[PDB]
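Per-entry structural report
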Amino acid sequence: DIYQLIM
Amino acid sequence: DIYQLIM
Amino acid sequence: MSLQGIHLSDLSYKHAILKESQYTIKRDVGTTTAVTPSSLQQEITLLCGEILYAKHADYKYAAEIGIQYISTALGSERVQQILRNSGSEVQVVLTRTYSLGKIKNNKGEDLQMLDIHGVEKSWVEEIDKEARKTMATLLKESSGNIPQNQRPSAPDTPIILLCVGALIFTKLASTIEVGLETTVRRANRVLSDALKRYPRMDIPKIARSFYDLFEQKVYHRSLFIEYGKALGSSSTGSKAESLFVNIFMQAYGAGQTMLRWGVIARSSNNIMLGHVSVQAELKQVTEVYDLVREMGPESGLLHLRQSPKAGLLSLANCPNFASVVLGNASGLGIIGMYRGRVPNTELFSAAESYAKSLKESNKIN
Amino acid sequence: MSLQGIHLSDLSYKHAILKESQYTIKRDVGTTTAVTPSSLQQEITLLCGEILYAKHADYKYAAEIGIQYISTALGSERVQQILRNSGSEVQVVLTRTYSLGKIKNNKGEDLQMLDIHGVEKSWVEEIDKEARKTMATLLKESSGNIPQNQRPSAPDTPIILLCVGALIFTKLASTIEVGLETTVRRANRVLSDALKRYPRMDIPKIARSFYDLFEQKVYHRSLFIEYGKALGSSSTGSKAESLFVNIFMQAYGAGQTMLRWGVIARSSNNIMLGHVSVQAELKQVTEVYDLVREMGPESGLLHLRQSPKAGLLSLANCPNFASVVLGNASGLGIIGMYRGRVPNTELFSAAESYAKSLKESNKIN
RNA sequence: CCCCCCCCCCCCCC
C-alpha cells in the first residue's frame, strides 16, 4: 500500500 | 418560503 | 596620487543584472483559477452581500468572492491578461450560473446560483441559505425596517469586503497575527458605517480568508493591485471606492519603512548622521535611494507584489545608518513596536537622545 | 621638459585584446546533457520534494534535479539556447515520462515517473521508494497530521533545493570545505522554515551534490545565473523565490573581495593609503576599477561564470595597496578568516593600527 | 596564475 500515497 | 425573499 | 577612481557601483550592477533578462520564468503550468464574466456582476454582488449580513459557519472563500467581483469589474479576459503578465501560467476557468433544482424564485424562474471554479458549491449554497434565513428572521422580528443599504443586494457590499481585504493587504509585509490585529482594530473605525449597516460581518474571519488567499495565490496580489490602479483612475465612484483607494494607497510603501524613516532622520537634522560611521556608509545609502529613483513608481509595490527583485532596496548592509535611523524614529516616538534589529546600540541611544531633545524643545528659524 | 607623455594603459589594452576576438571557442562537442520540458514541471516538483523529506543513502543527482526544475521554469529550447550562448556544444536531451510497470497509482492509471538523461533510473526509483516509505511511516505514526506544506508536492520544494544550491553557489570562489561549512551554517538559519517543514533533508549531501555539479558542468553555472536573472525579473513570486534571489545577489562580487575592501579602505580614510609606496600604485588601482566600469554589470559574475577573462580584475600586482587594504579591513575587524596574502607586513601593521584607532574613537562631522 | 572573510529579507501607526 505504498504507491497510492497522496503526496 | 425562505427562497422567495427579495434580497 | 588621488583616490578618485576607487568606486564600485555594485547595486546598480545588480539591478542591471536583474532588470535586463531576456528569458521569462514559467510557474503554475498546470494550475487553474476562477474568474467571473462581468455579466454576472450583480449575482456576485449579492454573494458579497450575503457574506456580510449573516453569521456564517465557514469563511473559506470570502476572499475568493471578492476576487470574483474584481474579475467582473475588470473583465474576465482582462483578468487572464493581468495574470499572464504577472508571470504565472494559470489557466482561467469561467464562472457559470446553474439551476439549484426545483427551487423557484420570486420572479417565477428557477433559482440560479453561481458556480465558481475551486469554490465548492456546498459553501455557496450554505452561505446563501444562511443569509436567507437571517433575512427571514429579521423581517419576522421587524417589518418594514429594512432599507436598501442594509440588504445584501446593496451595490457596495463587494467594496466593503474588498475594504477588509485592503486592510489586510496593507500588512502583507508583517506577520499574520499583527496583520489580523491591525485589520480588526482599523476596521472598527475605518469601516464603521459599513459595520453599522451590517452588524454581523465577521471581520476577523474575512481578514483571515483574505490573508490565506494572498499567500496561496500570489498572482492575485497583482490582480488586487490592478483593481486599485483601475479604481484610482476612475472619474467618479462611491465613498466605499474612495475608501478602498485610500487604504490601497496606504499599502504603497509596504516593506520599506527604513527608507521612509531615513528620509525622516535626514529631515529632523539628526546630528548623529554626522558620525563617521554613518559617513562611511552614506555612499551606499545614497546608492539605494538612487535605485529607488531608478525603479520609479513601481518600487513601492515591490514587496506587496512579493517580487523577487525586492531586497535590492534593503538598507540592511548599513548598520550604523540603520541604527541612527532607528534611534531617530525612537526619539520622535515614531518607532512604535517596529521589530527591525538595531546593530549599534550606542548610535541608537545617541540618536534617540538627540531626537528626544529636539522634539521636546522648540526653535524658530 | 615634462614627464607627462609617459603612460601605457596596459590593462585596457589587455582587455581590448581578449574582448575583441573574431573567433569563438568550441568545447563539449561530443557531449550531451539533460533537460525537462516545462510541461513536466509538476512531475519534477514532486521529485524535488522527495529528496527533501526522506533520509537517502545517496544524494548524487539532487543538483541535477534542481537543474531539471530550472529547465522546466525556463523551457527546454530556451535552456538549449542558454547553454549554446555560454560557449558549450552540449547536446540537450529531453526528459521522458515512463511507466514504472504493473504498479498503479491512486487514480487507476499507470504510475508515470521521470526519465532524466545521465541519471540512472534506479536512483530515481530508490528516491521515490524511500520517500513513499517515509511518508507511510509518518502517517502510521500520526493520522491526518500532514498539511500541504510538509508534503513533497509543495510548489516551493524545488526552490528549497535550489536555495541550498545557491548557498553553495555563493562560495564558488572558495574551497570545497569552507563552502560546505558555510552552506550548512547559513542554511541552518536561512532555510529554517524549510527545515521545520522537512526535518530530514541532508543539507551537507545536497550541498556536496551541487558543488560537484558546478565543478563538472561549468555551463550549468550560466544556467543557474540565467535562472536568477529570470527570477528577479518576475512581477511576482513566492517567498522561497525571493530567498533564492537574495542569496544569488549575495553571490555577486564573488572572487573580487579585494576590490570591495579597497573601496572600503577609501571610505575608511585610512591615512596609510597616502604612503608613497601605495601612491606609486594608485594609478594602476584606478585602472583596475576603470576596467570594472568598462566591463559593467557582468564584471561581478566573472568568477562565478569561471570566465578566463577573470584575473584582469586582480590587484595582485599592487602589493602595497593590497597590504594597506587588508590592514584596514583587519583593523575594522571585517577581515575574518580571509586567506589573502599580505606582501608588505609593515604597511599591514600600520594600516591595521590606524583602522583600529579610527574604529575605537567616535567623531561628529 | 588567480582566488580565499561575513551576511536572506521583512517587521510601527494611520
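Residues numbered from 1 in each chain as written, not as in the entry; some residues may be left out. Chains lettered and ligands numbered in written order. Heavy atoms only, no water.

Per the deposition metadata, cryo-EM was the technique used to determine this entry, at a resolution of 2.9 Å.

What chain C contains, in helices and strands, is 16 helices and four strands. With respect to the three principal axes, the spread of C-alpha positions in chain C is 90 × 55 × 35 Å. Burial status across chain C gives 50% buried among its 365 residues. Considering only intrachain contacts with a sequence separation of at least 6, the fraction spanning at least 24 residues in chain C is 75%. By element, 49% of the accessible surface of chain C is carried by carbon and sulfur atoms, the whole surface being about 17400 Å². (Helix = DSSP H or I, 4+ residues; strand = E, 2+ residues; numbered from the N terminus. Buried < 20%, exposed > 50% of the residue type's maximum accessible area, 1.4 Å probe, protein only. Contact = heavy atoms within 4.5 Å. Areas by Shrake-Rupley, 256 points an atom, 1.4 Å probe, with all protein chains shown as cover.)

Bringing the protein's contact with RNA strand E into the picture now. Inspection of the region around RNA strand E gives 49 residues, with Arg189 and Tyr338 of chain C together with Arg189, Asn246 and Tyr338 of chain D positioned closest. Atoms of RNA strand E within 4 Å of the protein: sugar and phosphate make up 67%, bases the balance. Measuring from a sugar or linking oxygen of RNA strand E, one finds a backbone N or O atom of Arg339 of chain C at 3.0 Å. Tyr338 of chain D places a polar side-chain atom, nitrogen or oxygen, 2.3 Å from a phosphate oxygen of RNA strand E. At the level of secondary structure, the elements contributing two or more residues to the surface near RNA strand E comprise helix 7 (176–190) and helix 12 (257–267) of chain C together with helix 7 (176–190), helix 11 (239–250) and helix 12 (257–267) of chain D. Examining the composition of the surface near RNA strand E, we find that six residues originate from one element, helix 7 of chain D, more than from any other. Classifying every residue of the surface near RNA strand E gives 18 nonpolar, 20 polar and 11 charged. (Near = heavy atom within 4 Å. Polar contact = N/O pair within 3.5 Å; in protein donor to acceptor, adjacent residues only side chain to side chain. Nonpolar A, V, L, I, M, F, W, Y, C, P; charged D, E, K, R; others polar.)

This brings us to helix 11 (residues 239–250) of chain C. Residue and element names in this part refer to chain C. In this model helix 11 runs 16 Å from its N-terminal to its C-terminal C-alpha over 12 residues, within 8% of the 16 Å that 1.5 Å per residue would give. Taken together, the buried positions of helix 11 are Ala240, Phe244, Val245, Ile247 and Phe248. For helix 11, the arc enclosing every buried residue in end-on projection is 165 degrees, short of the 170-degree limit, so these residues lie on one face. Residues of helix 11 that are exposed and point over 90 degrees away from its buried face: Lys239 and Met249. (Expected span 1.5 Å × (residues − 1). Arc of directions from axis to C-beta.)

Across the contact, 19 residues belong to chain D and five residues belong to chain A. A buried area of about 1000 Å², summed over both sides, lies between chain D and chain A, and 72% of it is on carbon and sulfur atoms. It is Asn106, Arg132 and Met135 of chain D that lose the most area in chain D upon contact with chain A, and together they represent 44% of the buried surface on that side. Linking chain D with chain A are zero salt bridges, by the criterion used here. For the pair chain D and chain A, the number of links is two residue pairs in polar contact. Of all the secondary structure elements, the ones that give two or more residues to the side of chain D that touches chain A are helix 2 (41–50), strand 3 (96–104) and helix 5 (121–141) of chain D. Ranked by the residues each element gives to the side of chain D that touches chain A, the list is headed by helix 5 of chain D, at seven residues. Here the residues of the side of chain D that touches chain A are counted per class, giving nine nonpolar, three polar and seven charged. (Buried area = accessible area lost by both parts, 1.4 Å probe. Salt bridge = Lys/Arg side-chain N within 4 Å of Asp/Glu carboxyl O.)

Contacts are most numerous between chains C and D, considering all three pairs of chains that are in contact. The two units chain B and chain D never meet; even their closest C-alpha atoms stay 38 Å apart.

Each partner contributes to the interface: chain D provides 54 residues, whereas chain C provides 47 residues. The contact between chain D and chain C buries some 4500 Å² in all, and 57% of this surface belongs to carbon and sulfur atoms. Taken as a group, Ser235, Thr236 and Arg266 of chain D account for 14% of the area that chain D buries against chain C, more than any other trio of residues on that side. Where chain D touches chain C, the interface holds two salt bridges. There are 21 residue pairs in polar contact connecting chain D and chain C.

This part is about helix 5 (residues 121–141) of chain C. Residues and elements named next belong to chain C. Taking 1.5 Å per residue as the helical rise, helix 5 with its 21 residues ought to reach 30 Å, and the 30 Å between its terminal C-alpha atoms agrees with that figure. Among the residues of helix 5, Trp123, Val124, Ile127, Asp128, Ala131, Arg132, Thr134 and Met135 are the ones counted as buried. The arc enclosing the buried residues of helix 5, seen along the axis, measures out at 160 degrees, which places them on a common side. Every exposed residue of helix 5 that faces more than 90 degrees away from the buried side is listed here: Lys140 and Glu141.

Moving on, we come to the pattern of salt bridges. On inspection of all chains with the given rule, the structure shows 27 salt bridges over all chains. A salt bridge links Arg305 of chain C to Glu298 of chain C; the nearest nitrogen and oxygen atoms lie 2.4 Å apart. Judged by its relative accessible area of 33%, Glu298 of chain C is partly exposed. The partner of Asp202 of chain D in a salt bridge is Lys205 of chain D, with the nearest N and O atoms 3.9 Å apart. Taking relative accessible area as the criterion, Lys205 of chain D reaches 37% and is therefore assigned partly exposed.

Residues and elements named next belong to chain D. The space that makes up the second largest pocket amounts to roughly 1100 Å³. If you trace the second largest pocket, you find 30 residues lining it, with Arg27, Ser86, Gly87, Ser307 and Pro308 closest to the centre. Elements that contribute at least two residues to the lining of the second largest pocket include exactly helix 1 (10–19), helix 4 (76–85) and helix 10 (218–232). Per-class residue counts for the lining of the second largest pocket are 10 nonpolar, 11 polar and nine charged. (1 Å grid on protein atoms, 1.4 Å probe; cavity = no way out; pocket = protein on both sides within 12 Å on 5 of 7 lines; lining within 4 Å. Points joined across faces, edges and corners; volume = space filled by probe spheres on them.)

Take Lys14 of chain C: it is sitting in helix 1 (residues 10–19). We note that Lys14 of chain C is buried and unpaired, the nearest opposite charge coming from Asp10 of chain C at a distance of 6.1 Å. With near-sequence residues (within four places) excluded, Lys14 of chain C lies in contact with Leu312 of chain C together with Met249 and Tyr252 of chain D. (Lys, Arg positive; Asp, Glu negative; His and termini not counted.)

Below, the discussion takes up the packing of aromatic side chains. For the structure shown, the criterion picks out 21 aromatic pairs over all chains. When the centroid spacing of 6.1 Å and the interplanar angle of 40 degrees are considered together, the rings of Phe210 of chain C and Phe214 of chain C count as tilted. Of this pair, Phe210 of chain C and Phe214 of chain C both sit in helix 9 (residues 203–216), four residues apart, which is roughly one turn of that helix. For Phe210 of chain C, a relative accessible area of 1% puts it in the buried group. Its relative accessible area of 0% is what places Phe214 of chain C among the buried residues. Plain terms: the ring middles of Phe214 of chain C and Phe224 of chain C are 5.2 Å apart, the flat faces sit at 80 degrees to each other, and that makes the pair edge-to-face. Taken together, the residues span a long stretch of sequence, with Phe214 of chain C in helix 9 and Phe224 of chain C in helix 10 (residues 218–232) at a distance of 10 residues. For the pair formed by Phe214 of chain C and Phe224 of chain C, the shared burial category is buried. Clustering of aromatic rings is evident, with ring pairs tying together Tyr69, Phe169, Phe210, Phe214, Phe224, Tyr227, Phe244 and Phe248 of chain D. Positioned above the aromatic ring of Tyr98 of chain D, the side-chain terminus of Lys121 of chain D is 3.9 Å from the ring centre. (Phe/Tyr/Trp six-rings, centres within 6.5 Å; stacked < 30°, edge-to-face > 60°. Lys NZ or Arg CZ within 6 Å of the ring centre and 35° of its normal.)

Residues and elements named next belong to chain C. Summarising the sheet, strand 3 (residues 96–104) and strand 4 (residues 110–115) pair through five bridges and their orientation is antiparallel. Each bridged residue has a counterpart across the sheet, and for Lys104 the counterpart in strand 4 is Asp110. Between strand 3 and strand 4, which pair antiparallel and follow one another directly, the connecting turn spans five residues, one of which, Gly108, has a positive phi of 100 degrees. (Pairing = 2+ DSSP bridges.)

Trans is the common state for peptide bonds, and a negative phi is the common state for residues other than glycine. For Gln306 of chain C, which is not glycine, the phi dihedral falls at a positive 60 degrees. Within the secondary structure layout, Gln306 of chain C lies in the loop between helix 14 (282–295) and helix 15 (319–331). The exposure class assigned to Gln306 of chain C is buried, which follows from its relative accessible area of 10%. With a phi angle near 55 degrees, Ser9 of chain D is a residue other than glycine that sits in the positive phi range. Summarising the element assignment, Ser9 of chain D is placed in the segment before helix 1. With relative accessibility at 21%, the residue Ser9 of chain D sits in the partly exposed group.

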